[PDB]
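In: heads up, no residue letters with this:
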RNA sequence: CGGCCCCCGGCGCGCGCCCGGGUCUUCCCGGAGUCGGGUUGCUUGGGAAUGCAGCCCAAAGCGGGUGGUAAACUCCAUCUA
RNA sequence: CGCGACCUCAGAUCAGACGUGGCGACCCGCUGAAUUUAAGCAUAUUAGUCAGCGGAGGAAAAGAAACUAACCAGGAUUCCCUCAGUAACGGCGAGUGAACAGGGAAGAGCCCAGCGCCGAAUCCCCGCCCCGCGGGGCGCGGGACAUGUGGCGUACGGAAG
Ligand SMILES: [Mg+2]
Ligand SMILES: [Mg+2]
Ligand SMILES: [Mg+2]
Ligand SMILES: [Mg+2]
Ligand SMILES: [Mg+2]
Ligand SMILES: [Mg+2]
Ligand SMILES: [Mg+2]
Ligand SMILES: [Mg+2]
Ligand SMILES: [Mg+2]
Ligand SMILES: [Mg+2]
Ligand SMILES: [Mg+2]
Ligand SMILES: [Mg+2]
Ligand SMILES: [Mg+2]
Ligand SMILES: [Mg+2]
Ligand SMILES: [Mg+2]
Ligand SMILES: [Mg+2]
Ligand SMILES: [Mg+2]
Ligand SMILES: [Mg+2]
Ligand SMILES: [Mg+2]
Ligand SMILES: [Mg+2]
């Protein structure tokens, strides 16, 4: 009854009723730490449509990342190579900051499983996300077999292999003529199948 | 007389026009969500670019308002629909005596 | 480096191809593996036929292969509804179901419907309890076989429309000349511009 | 205010939803009575309120709600902000109350956030009408007045005392 | 080919669950700093920018994306992020 | 002044449970040159590789279209032969370079947030009893989670009453 109203109020996030609450929450979260346990989701509709259910074993981490592109870590801005690569100031890091937040949350807590994550704040520098974490060894998650897929050990650390929503969106895989660079599996699998010099017994 | 190219191009087969699939029912009228949106617009208010585009469409120039909406949102057809929406909101609210 | 009159060669060997050389030394190995896979399926799984579900008559999308025909994927839900059975009931009967395949032609519609009627006629099913719904006795000594090969119906059916014996006729032989194709090509190239000039002739009074 | 809130809680205390103990008690009792005595309709209509924002929004959209009680202390305010305007546009009276814990303790839960009076008893319609008249006097009839007024914008008391001291100095200069 | 010991599968006595198909009427019908636009880097065969990412601007609901040459008008096909 | 409820929280050698590290031929995510070629060298090629870092399984990834096509249309993902050294990219130099068709192995499809209806009919834990071999569950009595939303019915191939 309510979540469509919550969604439509969150959509136009530039209006005066929302931007006050957004500025107050950005101040409140900027004065907090970097990675800490929010006891309940601040966006219930978005958390529930990403996969949160109000039961024992689902944990929200509020996490803060720093905006901007990456600087190449070479000393004194020297690359020692051809003029293709002197751009120390500008590389823009093909994974999104949401994926960085998922990596940091799951790597701080490898005992949990990163399901998804969602934006909750920005000012100019600190981008704020909330990451939902499944506890694979709680009994309410090891039962209820619509959830038992994440208990299986092939889903350990989805956030660093690129299996979450922001992970897949950073990999850039989809059906179409816009994705011939990664035709199947991954771009390295496509490179493997397209530069494997295939030979046979009979030629 | 049938042939390959021209106006009646291809082999002549009979049509099978039926009711379309449910996937066409995606962004339709939907009076319930219309009630939701039409409530929540006057619950919240308007964006700042909308609030100055209503002024530019009221007094200054419709072409300048369309150019400002074309600059602030993506494309020309988006600018057309946003201009028509703001003009409908303007004529429906601020013209009722 | 080049030489006498020979073809300009650009081989793609500048990349380190020596690491990724996949030579099929296990090609009879994969052949024996896949033989044993199919035979183990036909033994252990069911007395269902090999290549289990029935495939549709399907025309290939091109200007090149559309004269030919193909075993498709599934039976295109409107076709299955005209045949008159439920979706997963059809999937357990053995009907391959694709919910994406549309229907444009009543010809191909009725072709797949008659193919469904033929498959339902050829169907002999065995329920669990011996109360016999929708079967009879041991028909044809339990059908004398329990495994079919290379499709149930051999779904190609290359049609042979012959239309051989006819006499050369009246002025159609003096009417169907070469100029029809060039007239149709010029009409297709100059369709809309003539409509624009007709609109301008109606506009300029 | 607390007088009308006390009247509201005195009305809402006897429409309390059942807990697990008396729920299981009523289930076992009614099951044994319909097993032994074989009663067809032992209960005509159970009067009980509704809780939860998903339930209350549905009830005000379908006009089943007679009265809406809206809690104050919800930490995401976005969960609640649409409900006063929605009850105003659907004509259902709503009262904003302070303290969601006091509303949870009439539903046997920590937070309740919303309470919808939909069905009333025979000897309670007059008291409900007496409450709804004051609630429509306070909230519903003044909605065009509340929507224009801005809140907050109060400086710190040290700065207010500084501005007042400068204002008294300016008045001493002008007089 | 033969005998013994050990392990796994599918028949047949109890405990727990058990309503689908067609006609007619009414009602519902969707994932947001997300798509998209500008700009900047890397990558691609992808060229008036294939994909990913930084910053800014940032939606619609007969909507949105795709239709391989940018842009406007119009028609049609397909899909529903 | 005190008591109580909710919410943000902290502590413990609290009861129970979980991640660290190794191997790394195969796979996934990031990052990343230069020797070499261009008979010279900056774009380019070497290469989206070597090296580095992070993850898991016997496979991994992908996977049920915001697809291909443009005609008598097909229809999840992967793999092989073709397409093809072609379309295209490139000091249009050196060189780089796919895809849809089509034929084959495999064939399996599905679920959730929303929409409402069901008196939260849902789930975790504690204690005694019905009991089994080599070990753990259907019921009984109370402490929690959950109305800021459990579970059933439902998924765009329409669904519900
Ligand atoms: Mg909790
Ligand atoms: Mg996957
Ligand atoms: Mg040879
Ligand atoms: Mg549409
Ligand atoms: Mg020589
Ligand atoms: Mg080399
Ligand atoms: Mg559009
Ligand atoms: Mg369009
Ligand atoms: Mg076009
Ligand atoms: Mg074009
Ligand atoms: Mg490890
Ligand atoms: Mg040299
Ligand atoms: Mg040199
Ligand atoms: Mg390169
Ligand atoms: Mg390496
Ligand atoms: Mg292992
Ligand atoms: Mg789908
Ligand atoms: Mg060739
Ligand atoms: Mg060349
Ligand atoms: Mg290359």
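Out: Ah, there it is. Numbers count the residues shown, from 1 in each chain, chains lettered A, B, ... in the order given. Ligands and ions are numbered 1, 2, ... in the order given.
In: roughly how far out does the helix or strand harbouring residue A:106 sit from the chain middle?
Out: Assigning secondary structure by DSSP states H and E places residue A:106 in helix A:97-108. Centre-to-centre, helix A:97-108 and its host chain are 6 Å apart (CA atoms, centre = their mean, to the nearest Å).
In: Who are the packing partners of that helix?
Out: strand A:35-38, strand A:58-66, strand A:113-122, strand A:126-134, helix A:158-161, helix A:165-171 (3 or more CB pairs under 8 Å, 6 or more residues apart in numbering or on different chains; DSSP states H and E). Where C-beta positions appear, they are placed from N, C-alpha and C, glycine not excepted.
In: Okay, buried residues for the third one please.
Out: Translated: strand A:113-122. A:113-118, A:120-121 (16 or more other CB atoms under 10 Å in any protein chain shown).
In: which one among those gets closest to chain C?
Out: Nearest to chain C among the buried residues of strand A:113-122, counting by CB to the nearest CB, is residue A:116 at 27.8 Å.
In: my read: the closest one touches residue A:130, true?
Out: No - Residue A:116 is beyond contact range of residue A:130, at 9.5 Å (criterion: CB atoms under 8 Å).
In: Do stretch C:59-67 and RNA strand E come into contact?
Out: No - against RNA strand E, stretch C:59-67 shows no contacts by CB under 7 Å from any atom of the strand, the least distance being 10.8 Å.
In: now whatever residue of chain B ends up closest to chain A, nearest residue through space, not along the chain?
Out: Nearest residue of chain B to chain A: residue B:44, at 4.0 Å (CB to the nearest CB). Nearest residue to residue B:44, sequence neighbours excluded (CB to CB, 6 or more residues apart in numbering or on different chains): residue A:15, at 4.0 Å.
In: what's the distance between that neighbour and chain C?
Out: Counting by CB to the nearest CB, to the nearest Å, the gap between residue A:15 and chain C amounts to 41 Å.
In: pretty sure that residue is in contact with residue B:47, am I right?
Out: Yes - between residue A:15 and residue B:47 there is a contact under CB under 8 Å: 6.3 Å.
In: how many other residues sit next to residue A:62?
Out: 23 (other CB atoms under 10 Å in any protein chain shown).
In: contacting residues around it?
Out: A:29, A:32, A:35-38, A:120, A:128-130 (CB atoms under 8 Å, 6 or more residues apart in numbering or on different chains).
In: And it, how far from residue D:93?
Out: 38 Å (CB to CB, to the nearest Å).
In: Give me the secondary structure label for residue A:184.
Out: coil (DSSP: H, G, I helix; E, B strand; the rest coil).
In: burial of it, as a residue count?
Out: Neighbour count of residue A:184, defined by other CB under 10 Å: 10.
In: That one - nearest residue in space that isn't next to it in sequence?
Out: Using CB to CB, 6+ apart and skipping residues adjacent in sequence, the residue nearest residue A:184 is residue A:190, 6.4 Å away.
In: Now that neighbour: phi and psi?
Out: Note on residue A:190: backbone dihedrals following degrees, to the nearest 10 are phi -70, psi -40.
In: Name the residues linked to the residue minimising distance to the centre of chain C by a beta bridge.
Out: Note on chain C: the residue nearest the mean C-alpha position is residue C:70, at 2.6 Å, using CA atoms, centre = their mean. Note on residue C:70: beta-bridge partners by DSSP bridges are residue C:58.
In: That one reaches residue C:59, doesn't it?
Out: Yes - using CB under 8 Å, residue C:70 is in contact with residue C:59, at 7.1 Å.
In: Now do the contacts for residue 74.
Out: By default, I'm working from chain A. Contacts of residue A:74 by CB under 8 Å, 6+ apart are A:80, A:88.
In: if you could check chain D rather than the one you did, that'd help
Out: With contact set as CB under 8 Å, 6+ apart, residue D:74 has these partners: D:80, D:100, D:111, D:113.
In: Tell me, how many residues neighbour the residue lying closest to the last one once chain neighbours are set aside?
Out: Once its chain neighbours are removed from consideration, residue D:113 has its nearest residue in residue D:71; the separation is 4.9 Å (CB to CB, 6+ apart). Using other CB under 10 Å as the criterion, residue D:71 is surrounded by 21 other residues.
In: And for the one 10 residues further on?
Out: The burial count assigned to residue D:81 is 20, neighbours taken as other CB under 10 Å.
In: wait, it sits on residue A:6?
Out: No - using CB under 8 Å, residue D:81 is not in contact with residue A:6, being 9.5 Å away.
In: contact partners of the helix ranked longest in chain A?
Out: Ranked by number of residues, the top helix in chain A under DSSP state H is helix A:16-30. With contact meaning CB under 8 Å, 6+ apart, helix A:16-30 is reached by A:9-10, A:12-13, A:42, A:62, A:64, A:120-123, A:126, A:128, B:43-45, D:77-78, D:81.
In: Quick check: which of those are also close to RNA strand F?
Out: residue A:42.
In: Close to chain B: what parts of chain C are there?
Out: C:78, C:103-107, C:109, C:176, C:180-181, C:184-185, C:187-188, C:191 (CB under 8 Å from any CB of the partner chain).
In: Can I get the buried part of those residues as one ChimeraX selection?
Out: Selecting only the buried entries of the residues of chain C next to chain B in ChimeraX, with 16+ other CB under 10 Å as the criterion:
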select /C:78,103,109,184
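In: What are the buried residues along stretch C:136-156?
Out: Those would be C:152, C:155, for stretch C:136-156 by 16+ other CB under 10 Å.
In: Any residue of that stretch touching RNA strand F?
Out: No - on the criterion CB under 7 Å from any atom of the strand, stretch C:136-156 is out of touch with RNA strand F, staying 7.6 Å away.
In: how about the helices in chain B?
Out: B:31-44, B:48-55, B:62-72, B:76-93.
In: Name the surrounding residues that touch the third one.
Out: With CB under 8 Å, 6+ apart as the contact definition, helix B:62-72 has outside contacts at B:49, B:52-53, B:56-57, B:76, B:78-80, B:82-83, B:86.
In: from the residues you listed, which two are the most distant?
Out: By the measure CB to CB, B:52 and B:76 form the most distant pair in those, at 19.8 Å.
In: In chain C, what residue spans correspond to helices?
Out: Shown for chain C, the helices assigned by DSSP H span residues C:27-44, C:78-83, C:87-93, C:106-122, C:179-189, C:191-203.
In: Quick check: residues of chain D near chain B?
Out: D:81-82, D:85-86, D:89.
In: 7 Å instead, please
Out: Within chain D, the positions near chain B by CB under 7 Å from any CB of the partner chain are D:82, D:85-86, D:89.
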